[PDB]
$ cat work.cif   # mmCIF, C-alpha atoms
data_run
loop_
_atom_site.group_PDB
_atom_site.id
_atom_site.type_symbol
_atom_site.label_atom_id
_atom_site.label_comp_id
_atom_site.auth_asym_id
_atom_site.auth_seq_id
_atom_site.Cartn_x
_atom_site.Cartn_y
_atom_site.Cartn_z
ATOM 1 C CA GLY A 1 -22.479 -28.831 58.229
ATOM 2 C CA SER A 2 -19.390 -29.562 56.144
ATOM 3 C CA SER A 3 -18.355 -33.221 56.061
ATOM 4 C CA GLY A 4 -15.289 -33.932 58.176
ATOM 5 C CA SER A 5 -11.989 -34.689 56.459
ATOM 6 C CA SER A 6 -11.170 -37.850 58.411
ATOM 7 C CA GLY A 7 -9.460 -40.250 56.027
ATOM 8 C CA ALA A 8 -9.669 -39.334 52.349
ATOM 9 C CA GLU A 9 -7.533 -39.308 49.203
ATOM 10 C CA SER A 10 -8.188 -36.752 46.464
ATOM 11 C CA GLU A 11 -7.161 -37.564 42.893
ATOM 12 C CA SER A 12 -4.268 -35.737 41.230
ATOM 13 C CA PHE A 13 -4.656 -32.189 39.916
ATOM 14 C CA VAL A 14 -4.066 -30.593 36.514
ATOM 15 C CA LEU A 15 -3.355 -27.207 34.936
ATOM 16 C CA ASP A 16 -5.999 -24.933 33.417
ATOM 17 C CA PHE A 17 -3.430 -23.482 31.017
ATOM 18 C CA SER A 18 -1.130 -24.608 28.204
ATOM 19 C CA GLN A 19 2.593 -24.805 28.961
ATOM 20 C CA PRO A 20 4.363 -21.491 28.231
ATOM 21 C CA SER A 21 7.446 -23.023 26.613
ATOM 22 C CA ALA A 22 5.120 -24.420 23.947
ATOM 23 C CA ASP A 23 5.212 -20.981 22.325
ATOM 24 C CA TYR A 24 8.847 -19.995 21.797
ATOM 25 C CA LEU A 25 7.739 -16.576 20.550
ATOM 26 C CA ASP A 26 4.878 -15.848 22.947
ATOM 27 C CA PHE A 27 7.333 -17.054 25.591
ATOM 28 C CA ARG A 28 10.559 -15.204 24.793
ATOM 29 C CA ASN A 29 8.415 -12.074 24.523
ATOM 30 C CA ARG A 30 7.865 -12.251 28.282
ATOM 31 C CA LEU A 31 11.482 -13.153 29.044
ATOM 32 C CA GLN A 32 12.542 -10.171 26.933
ATOM 33 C CA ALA A 33 9.948 -7.660 28.129
ATOM 34 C CA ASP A 34 9.774 -8.861 31.734
ATOM 35 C CA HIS A 35 13.174 -10.563 31.883
ATOM 36 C CA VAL A 36 11.456 -13.617 33.363
ATOM 37 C CA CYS A 37 9.116 -16.429 32.322
ATOM 38 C CA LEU A 38 8.174 -19.911 33.528
ATOM 39 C CA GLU A 39 9.548 -22.649 31.273
ATOM 40 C CA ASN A 40 7.535 -25.676 32.396
ATOM 41 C CA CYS A 41 5.486 -26.620 35.457
ATOM 42 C CA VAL A 42 4.662 -30.280 36.083
ATOM 43 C CA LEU A 43 2.296 -31.712 38.695
ATOM 44 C CA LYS A 44 3.015 -34.500 41.180
ATOM 45 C CA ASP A 45 1.495 -36.186 44.233
ATOM 46 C CA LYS A 46 0.447 -33.412 46.617
ATOM 47 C CA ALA A 47 3.366 -31.504 45.097
ATOM 48 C CA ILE A 48 4.433 -29.511 42.039
ATOM 49 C CA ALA A 49 7.600 -28.686 40.105
ATOM 50 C CA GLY A 50 8.662 -26.100 37.541
ATOM 51 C CA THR A 51 11.658 -24.228 36.153
ATOM 52 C CA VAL A 52 11.726 -20.461 35.641
ATOM 53 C CA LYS A 53 13.945 -18.597 33.177
ATOM 54 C CA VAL A 54 15.729 -15.282 33.723
ATOM 55 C CA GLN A 55 17.888 -12.859 31.741
ATOM 56 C CA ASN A 56 21.608 -12.694 32.523
ATOM 57 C CA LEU A 57 21.336 -8.962 33.210
ATOM 58 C CA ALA A 58 23.300 -8.980 36.466
ATOM 59 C CA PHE A 59 25.268 -11.451 38.583
ATOM 60 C CA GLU A 60 23.120 -11.610 41.718
ATOM 61 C CA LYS A 61 19.709 -13.161 41.063
ATOM 62 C CA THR A 62 16.718 -13.830 43.315
ATOM 63 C CA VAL A 63 13.971 -16.250 42.286
ATOM 64 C CA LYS A 64 11.035 -16.959 44.598
ATOM 65 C CA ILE A 65 7.645 -18.492 43.807
ATOM 66 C CA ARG A 66 4.577 -16.917 45.411
ATOM 67 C CA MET A 67 1.705 -19.341 45.995
ATOM 68 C CA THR A 68 -1.517 -18.975 47.982
ATOM 69 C CA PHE A 69 -4.514 -21.100 48.970
ATOM 70 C CA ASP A 70 -6.754 -18.341 50.325
ATOM 71 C CA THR A 71 -7.950 -16.226 47.399
ATOM 72 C CA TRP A 72 -4.570 -14.491 47.557
ATOM 73 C CA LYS A 73 -4.800 -13.845 51.298
ATOM 74 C CA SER A 74 -2.121 -16.084 52.811
ATOM 75 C CA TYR A 75 0.880 -16.565 50.524
ATOM 76 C CA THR A 76 4.399 -17.789 51.287
ATOM 77 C CA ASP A 77 7.702 -16.888 49.633
ATOM 78 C CA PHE A 78 9.347 -20.161 48.606
ATOM 79 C CA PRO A 79 13.063 -20.114 47.689
ATOM 80 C CA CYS A 80 13.977 -21.481 44.260
ATOM 81 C CA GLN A 81 16.902 -23.797 43.519
ATOM 82 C CA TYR A 82 19.512 -23.823 40.752
ATOM 83 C CA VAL A 83 19.717 -26.428 37.988
ATOM 84 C CA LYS A 84 22.953 -27.487 36.294
ATOM 85 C CA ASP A 85 22.349 -29.591 33.184
ATOM 86 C CA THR A 86 23.574 -29.683 29.585
ATOM 87 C CA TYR A 87 20.149 -28.584 28.353
ATOM 88 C CA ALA A 88 20.069 -25.580 30.683
ATOM 89 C CA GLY A 89 20.948 -22.415 28.788
ATOM 90 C CA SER A 90 24.587 -21.338 28.910
ATOM 91 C CA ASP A 91 23.911 -17.610 29.241
ATOM 92 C CA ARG A 92 20.503 -17.537 30.928
ATOM 93 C CA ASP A 93 20.427 -19.547 34.157
ATOM 94 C CA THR A 94 17.666 -22.003 35.060
ATOM 95 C CA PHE A 95 16.085 -21.994 38.518
ATOM 96 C CA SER A 96 13.735 -24.757 39.664
ATOM 97 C CA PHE A 97 11.040 -24.815 42.347
ATOM 98 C CA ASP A 98 9.296 -27.529 44.363
ATOM 99 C CA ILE A 99 6.117 -26.547 46.204
ATOM 100 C CA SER A 100 4.140 -28.975 48.363
ATOM 101 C CA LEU A 101 0.402 -28.850 47.663
ATOM 102 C CA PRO A 102 -1.957 -28.282 50.623
ATOM 103 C CA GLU A 103 -3.516 -31.149 52.577
ATOM 104 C CA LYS A 104 -6.698 -30.868 50.512
ATOM 105 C CA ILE A 105 -8.345 -28.590 47.951
ATOM 106 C CA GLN A 106 -12.067 -28.123 47.324
ATOM 107 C CA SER A 107 -14.209 -25.776 45.232
ATOM 108 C CA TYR A 108 -14.534 -23.367 48.157
ATOM 109 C CA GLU A 109 -11.214 -21.540 47.831
ATOM 110 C CA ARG A 110 -9.034 -20.229 45.004
ATOM 111 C CA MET A 111 -5.423 -21.262 44.399
ATOM 112 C CA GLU A 112 -2.908 -19.387 42.247
ATOM 113 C CA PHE A 113 0.820 -18.641 42.109
ATOM 114 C CA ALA A 114 3.185 -16.143 40.488
ATOM 115 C CA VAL A 115 6.891 -15.723 39.740
ATOM 116 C CA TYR A 116 9.047 -13.083 41.424
ATOM 117 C CA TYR A 117 12.443 -12.355 39.874
ATOM 118 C CA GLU A 118 14.639 -9.681 41.453
ATOM 119 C CA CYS A 119 17.642 -8.239 39.618
ATOM 120 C CA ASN A 120 19.301 -4.983 38.564
ATOM 121 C CA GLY A 121 17.493 -3.280 41.430
ATOM 122 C CA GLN A 122 14.154 -4.317 39.952
ATOM 123 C CA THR A 123 11.243 -6.628 40.757
ATOM 124 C CA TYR A 124 9.744 -8.528 37.825
ATOM 125 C CA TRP A 125 6.376 -10.145 38.529
ATOM 126 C CA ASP A 126 5.171 -12.788 36.075
ATOM 127 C CA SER A 127 1.674 -13.987 36.974
ATOM 128 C CA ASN A 128 0.811 -16.786 34.549
ATOM 129 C CA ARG A 129 2.220 -14.618 31.759
ATOM 130 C CA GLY A 130 -1.258 -13.109 31.721
ATOM 131 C CA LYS A 131 -3.585 -13.208 34.719
ATOM 132 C CA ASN A 132 -2.921 -16.111 37.087
ATOM 133 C CA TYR A 133 -1.940 -19.786 37.123
ATOM 134 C CA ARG A 134 -5.386 -21.256 37.776
ATOM 135 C CA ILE A 135 -4.773 -24.758 39.128
ATOM 136 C CA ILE A 136 -7.738 -27.133 38.972
ATOM 137 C CA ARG A 137 -8.233 -30.829 39.717
ATOM 138 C CA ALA A 138 -8.164 -33.629 37.144
ATOM 139 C CA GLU A 139 -11.634 -34.885 38.066
ATOM 140 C CA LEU A 140 -13.121 -31.393 37.817
ATOM 141 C CA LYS A 141 -11.950 -30.760 34.254
ATOM 142 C CA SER A 142 -14.868 -31.437 31.909
ATOM 143 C CA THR A 143 -14.287 -33.428 28.722
ATOM 144 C CA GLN A 144 -15.919 -32.086 25.560
ATOM 145 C CA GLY A 145 -15.667 -34.005 22.300
ATOM 146 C CA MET A 146 -16.928 -33.375 18.775
ATOM 147 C CA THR A 147 -14.586 -30.389 18.522
ATOM 148 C CA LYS A 148 -12.385 -29.313 15.614
ATOM 149 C CA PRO A 149 -8.773 -28.138 16.094
ATOM 150 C CA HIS A 150 -7.767 -24.559 15.286
ATOM 151 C CA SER A 151 -4.984 -23.558 12.892
ATOM 152 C CA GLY A 152 -3.727 -20.308 11.400
ATOM 153 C CA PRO A 153 -1.016 -18.887 9.115
ATOM 154 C CA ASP A 154 2.539 -18.136 10.240
ATOM 155 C CA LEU A 155 3.253 -14.442 10.800
ATOM 156 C CA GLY A 156 5.838 -13.174 8.331
#
$ encode --input "work.cif" --output "structure tokens"
Amino acid sequence: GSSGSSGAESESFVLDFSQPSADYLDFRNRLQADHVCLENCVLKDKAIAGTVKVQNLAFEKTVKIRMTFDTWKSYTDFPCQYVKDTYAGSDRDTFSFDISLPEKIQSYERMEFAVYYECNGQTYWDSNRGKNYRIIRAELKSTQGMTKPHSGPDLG
């Protein structure tokens, strides 16, 4: 039935959500209430990259990204690395992560990931600072024009 996967190159993928960092407030709120929040997550060739933030509550810190390709059935705990740059916050540390996308990805299975920060004898779980990090392809995303931008007042 299904067409074999012998020789084929799928276009790059995109994100179905707006970067978290974008909103300093809506962002810090998660890093202050959950003590953890993803800064930015870029996409690369059959691979991804992103840096997660954490509160300097304790010394020992454990950051691991949880990703799955089977409607949250088969996930793998990937160890995060540490970044040392001028930009990186002095107090709050900055851990990075590099996950390798699966061979292929079709519209027959779901794919989402979440952040898992362990500290102070606790386990903070940040799943797309809302529901889940829905990752879709770039060719799937539909383009809709003739739309007006939204804008509102600044909370006092």
$ resolve_selection --input "work.cif" --expression "the PyMOL selection byres ((chain A and resi 104) around 10)" --output "list in words"
residues 5, 8, 9, 10, 46, 101, 102, 103, 105 and 106 of chain A
$ residues_near_point --input "work.cif" --point "(12.8, -13.8, 38.6)" --cutoff "6 Å" --atoms "all atoms listed in the file" --output "PyMOL selection string"
chain A and resi 36+54+63+116-118
$ residues_around --input "work.cif" --residues "residue 137 of chain A" --least-positions-apart "4" --cutoff "7 Å" --atoms "all atoms listed in the file" --output "list in words"
residues 12, 13, 14 and 141 of chain A
$ closest_atom_pairs --input "work.cif" --of "segment 42-156 of chain A" --to "segment 23-29 of chain A" --cutoff "12 Å" --atoms "all atoms listed in the file" --output "Markdown table"
| residue | atom | partner | partner_atom | distance |
| --- | --- | --- | --- | --- |
| A:52 | CA | A:27 | CA | 11.5 |
| A:53 | CA | A:28 | CA | 9.7 |
| A:54 | CA | A:28 | CA | 10.3 |
| A:55 | CA | A:28 | CA | 10.4 |
| A:92 | CA | A:28 | CA | 11.9 |
| A:126 | CA | A:27 | CA | 11.5 |
| A:128 | CA | A:27 | CA | 11.1 |
| A:129 | CA | A:27 | CA | 8.4 |
| A:130 | CA | A:26 | CA | 11.1 |
| A:154 | CA | A:25 | CA | 11.7 |
| A:155 | CA | A:25 | CA | 10.9 |
$ write_last_selection --input "work.cif" --atoms "C-alpha atoms" --output "compact mmCIF listing (two decimals), in the coordinates of the input"
# COMPACT_ATOMS: atom_id res chain seq x y z
CA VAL A 52 11.73 -20.46 35.64
CA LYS A 53 13.94 -18.60 33.18
CA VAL A 54 15.73 -15.28 33.72
CA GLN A 55 17.89 -12.86 31.74
CA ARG A 92 20.50 -17.54 30.93
CA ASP A 126 5.17 -12.79 36.08
CA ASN A 128 0.81 -16.79 34.55
CA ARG A 129 2.22 -14.62 31.76
CA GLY A 130 -1.26 -13.11 31.72
CA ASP A 154 2.54 -18.14 10.24
CA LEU A 155 3.25 -14.44 10.80
$ resolve_selection --input "work.cif" --expression "the PyMOL selection byres ((chain A and resi 87-89) around 12)" --output "VMD selection string"
chain A and resid 39 51 to 56 82 to 86 90 to 96
$ residues_around --input "work.cif" --residues "residue 79 of chain A" --least-positions-apart "6" --cutoff "9 Å" --atoms "all atoms listed in the file" --output "list in words"
residues 62, 63, 64, 65, 97 and 98 of chain A
$ residues_around --input "work.cif" --residues "residue 71 of chain A" --least-positions-apart "5" --cutoff "8 Å" --atoms "only C-alpha atoms" --output "list in words"
residues 109, 110, 111 and 112 of chain A
$ closest_residue --input "work.cif" --among "A:43, A:135, A:114, A:37" --to "residue 15 of chain A" --atoms "only C-alpha atoms"
A:135
$ atom_distance --input "work.cif" --atom1 "atom CA of residue 47 of chain A" --atom2 "atom CA of residue 3 of chain A"
24.4 Å
$ closest_residue --input "work.cif" --among "A:2, A:76, A:100, A:81" --to "residue 48 of chain A" --atoms "only C-alpha atoms"
A:100
$ closest_residue --input "work.cif" --among "A:146, A:33, A:99, A:41" --to "residue 68 of chain A" --atoms "only C-alpha atoms"
A:99
$ atom_distance --input "work.cif" --atom1 "atom CA of residue 18 of chain A" --atom2 "atom CA of residue 125 of chain A"
19.3 Å
$ atom_distance --input "work.cif" --atom1 "atom CA of residue 123 of chain A" --atom2 "atom CA of residue 16 of chain A"
26.2 Å
$ closest_residue --input "work.cif" --among "A:69, A:113, A:75, A:108" --to "residue 50 of chain A" --atoms "all atoms listed in the file"
A:113
$ axis_aligned_box --input "work.cif" --around "segment 83-93 of chain A" --padding-each-side "3 Å" --output "JSON"
{"center_x": 22.2, "center_y": -23.6, "center_z": 33.2, "size_x": 10.9, "size_y": 18.1, "size_z": 15.6}
$ resolve_selection --input "work.cif" --expression "the PyMOL selection byres ((chain A and resi 60) around 9)" --output "list in words"
residues 58, 59, 61, 62, 118, 119 and 120 of chain A
$ decode --input "work.cif" --residues "segment 83-100 of chain A" --atoms "N, CA, C and O atoms" --output "PDB file, in the first residue's frame"
ATOM      1  N   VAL A  83      26.276  26.184  27.948  1.00  0.00           N
ATOM      2  CA  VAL A  83      26.814  27.245  27.105  1.00  0.00           C
ATOM      3  C   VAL A  83      27.522  28.304  27.941  1.00  0.00           C
ATOM      4  O   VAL A  83      27.031  28.712  28.993  1.00  0.00           O
ATOM      5  N   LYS A  84      28.681  28.749  27.464  1.00  0.00           N
ATOM      6  CA  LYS A  84      29.458  29.765  28.166  1.00  0.00           C
ATOM      7  C   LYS A  84      29.788  30.932  27.242  1.00  0.00           C
ATOM      8  O   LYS A  84      30.824  30.935  26.577  1.00  0.00           O
ATOM      9  N   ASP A  85      28.902  31.920  27.206  1.00  0.00           N
ATOM     10  CA  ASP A  85      29.101  33.096  26.365  1.00  0.00           C
ATOM     11  C   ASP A  85      28.773  34.374  27.131  1.00  0.00           C
ATOM     12  O   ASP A  85      28.063  34.343  28.136  1.00  0.00           O
ATOM     13  N   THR A  86      29.294  35.498  26.648  1.00  0.00           N
ATOM     14  CA  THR A  86      29.058  36.785  27.287  1.00  0.00           C
ATOM     15  C   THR A  86      27.567  37.055  27.445  1.00  0.00           C
ATOM     16  O   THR A  86      27.115  37.502  28.501  1.00  0.00           O
ATOM     17  N   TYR A  87      26.805  36.782  26.392  1.00  0.00           N
ATOM     18  CA  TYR A  87      25.363  36.996  26.415  1.00  0.00           C
ATOM     19  C   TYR A  87      24.712  36.208  27.547  1.00  0.00           C
ATOM     20  O   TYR A  87      23.944  36.754  28.338  1.00  0.00           O
ATOM     21  N   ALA A  88      25.026  34.918  27.617  1.00  0.00           N
ATOM     22  CA  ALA A  88      24.476  34.053  28.653  1.00  0.00           C
ATOM     23  C   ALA A  88      24.362  34.791  29.982  1.00  0.00           C
ATOM     24  O   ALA A  88      25.282  35.499  30.391  1.00  0.00           O
ATOM     25  N   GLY A  89      23.227  34.621  30.653  1.00  0.00           N
ATOM     26  CA  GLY A  89      23.015  35.279  31.931  1.00  0.00           C
ATOM     27  C   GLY A  89      24.071  34.912  32.954  1.00  0.00           C
ATOM     28  O   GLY A  89      24.549  33.779  32.984  1.00  0.00           O
ATOM     29  N   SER A  90      24.437  35.874  33.795  1.00  0.00           N
ATOM     30  CA  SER A  90      25.447  35.647  34.822  1.00  0.00           C
ATOM     31  C   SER A  90      24.909  34.742  35.924  1.00  0.00           C
ATOM     32  O   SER A  90      25.538  33.749  36.291  1.00  0.00           O
ATOM     33  N   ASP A  91      23.739  35.090  36.449  1.00  0.00           N
ATOM     34  CA  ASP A  91      23.112  34.309  37.509  1.00  0.00           C
ATOM     35  C   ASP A  91      22.520  33.017  36.954  1.00  0.00           C
ATOM     36  O   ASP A  91      22.991  31.923  37.265  1.00  0.00           O
ATOM     37  N   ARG A  92      21.485  33.152  36.132  1.00  0.00           N
ATOM     38  CA  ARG A  92      20.827  31.995  35.536  1.00  0.00           C
ATOM     39  C   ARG A  92      21.687  31.390  34.431  1.00  0.00           C
ATOM     40  O   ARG A  92      22.109  32.086  33.507  1.00  0.00           O
ATOM     41  N   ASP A  93      21.943  30.090  34.533  1.00  0.00           N
ATOM     42  CA  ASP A  93      22.753  29.391  33.541  1.00  0.00           C
ATOM     43  C   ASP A  93      21.964  29.167  32.255  1.00  0.00           C
ATOM     44  O   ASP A  93      20.743  29.327  32.226  1.00  0.00           O
ATOM     45  N   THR A  94      22.669  28.799  31.190  1.00  0.00           N
ATOM     46  CA  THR A  94      22.036  28.556  29.900  1.00  0.00           C
ATOM     47  C   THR A  94      22.460  27.210  29.324  1.00  0.00           C
ATOM     48  O   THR A  94      23.617  27.019  28.950  1.00  0.00           O
ATOM     49  N   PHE A  95      21.515  26.277  29.256  1.00  0.00           N
ATOM     50  CA  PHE A  95      21.792  24.948  28.726  1.00  0.00           C
ATOM     51  C   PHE A  95      21.235  24.799  27.312  1.00  0.00           C
ATOM     52  O   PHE A  95      20.101  25.189  27.036  1.00  0.00           O
ATOM     53  N   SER A  96      22.044  24.233  26.422  1.00  0.00           N
ATOM     54  CA  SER A  96      21.635  24.038  25.036  1.00  0.00           C
ATOM     55  C   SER A  96      21.307  22.571  24.769  1.00  0.00           C
ATOM     56  O   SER A  96      21.629  21.695  25.570  1.00  0.00           O
ATOM     57  N   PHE A  97      20.665  22.313  23.634  1.00  0.00           N
ATOM     58  CA  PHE A  97      20.291  20.954  23.260  1.00  0.00           C
ATOM     59  C   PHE A  97      20.317  20.781  21.743  1.00  0.00           C
ATOM     60  O   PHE A  97      19.922  21.679  20.999  1.00  0.00           O
ATOM     61  N   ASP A  98      20.785  19.622  21.294  1.00  0.00           N
ATOM     62  CA  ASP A  98      20.862  19.330  19.867  1.00  0.00           C
ATOM     63  C   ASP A  98      20.271  17.958  19.561  1.00  0.00           C
ATOM     64  O   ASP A  98      20.928  16.932  19.746  1.00  0.00           O
ATOM     65  N   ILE A  99      19.027  17.946  19.093  1.00  0.00           N
ATOM     66  CA  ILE A  99      18.348  16.701  18.761  1.00  0.00           C
ATOM     67  C   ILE A  99      18.363  16.450  17.257  1.00  0.00           C
ATOM     68  O   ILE A  99      18.173  17.371  16.463  1.00  0.00           O
ATOM     69  N   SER A 100      18.586  15.198  16.873  1.00  0.00           N
ATOM     70  CA  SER A 100      18.627  14.825  15.464  1.00  0.00           C
ATOM     71  C   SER A 100      17.266  14.319  14.997  1.00  0.00           C
ATOM     72  O   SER A 100      16.793  13.272  15.441  1.00  0.00           O
TER      73      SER A 100
END
